[PDB]
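Written below as C-alpha cells is the structure these notes are about.
We place every Cβ from the backbone using ideal geometry, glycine too, and count neighbours over all the protein chains shown. Bear in mind that the values in this text are calculations on the coordinates, not laboratory data.
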Amino acid sequence: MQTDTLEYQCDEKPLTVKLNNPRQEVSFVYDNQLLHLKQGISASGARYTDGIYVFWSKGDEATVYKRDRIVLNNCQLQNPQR
C-alpha cells in the first residue's frame, strides 16, 4: 500500500503530496500540516482543490495558488510513485 507522492523537495517548499492512487485526492502540505484537496472539473490541468488552496497539476508541473496566497508556483515533478 503506497501513496503516490510528488517531488517533495522543491527549491522553495516541500511538495509532499499524497496522491491517492485513483488520483481522486491529494493530501497536501500547507507547511507541516496536511489538508485534502480533490480533483474536480479540470480544464487547465488537473485541479485538486479544497478551498484552502487551489492545487493545479499540469501533469508534470505542480503549482498551488489561492487567490491571495500561493504556496508553491514552481515544482516540476521528477515523477511520482508512478
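Quick notes
- Max mean-square fluctuation residue, GNM over the chain, Cα-Cα springs under 10 Å, options 42, 27, 57: 42
- Residues 75, 10 arranged by fewest to most Cβ contacts within 10 Å: 10, 75
- Loop GluC sites (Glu not before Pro), the stretch 1-53 (other Cβ atoms within 10 Å of the site Cβ: 14 or fewer; DSSP): 12
- Take the Cβ atoms of residue 3 and residue 70, set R0 to 30 Å, and the FRET efficiency comes out at 0.80.
- For residue 18, distant residues with modelled amide H under 5 Å away: 27, 28
- With neighbours defined as other Cβ atoms within 10 Å of a residue's Cβ, the residues 48, 30 order from fewest to most as 30, 48.
- Full extension of the chain between residue 46 and residue 16 yields a length gain of 9.1 nm, computed as 0.36 nm times the residue separation minus the alpha carbon distance.
- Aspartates and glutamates whose Cα lies under 17 Å from that of residue 18, excluding same-chain neighbours fewer than 8 positions away: 4, 7, 31, 50, 60, 61
- Charges were assigned to the Cβ only: +1 to each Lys and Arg, -1 to each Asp and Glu. The resulting dipole of the chain about its Cα centre is roughly 260 debye.
- Environment charge at residue 46 (Cβ cut-off 10 Å; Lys +1, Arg +1, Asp -1, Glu -1): +3
- Rounded, prolate or oblate (a/c below 1.5 giving rounded, otherwise prolate when a/b exceeds b/c) for the chain by Cα gyration tensor: rounded
- In plain terms, the residue of 4, 60 with the fewest other Cβ atoms within 10 Å comes first and the most crowded comes last, giving 60, 4.
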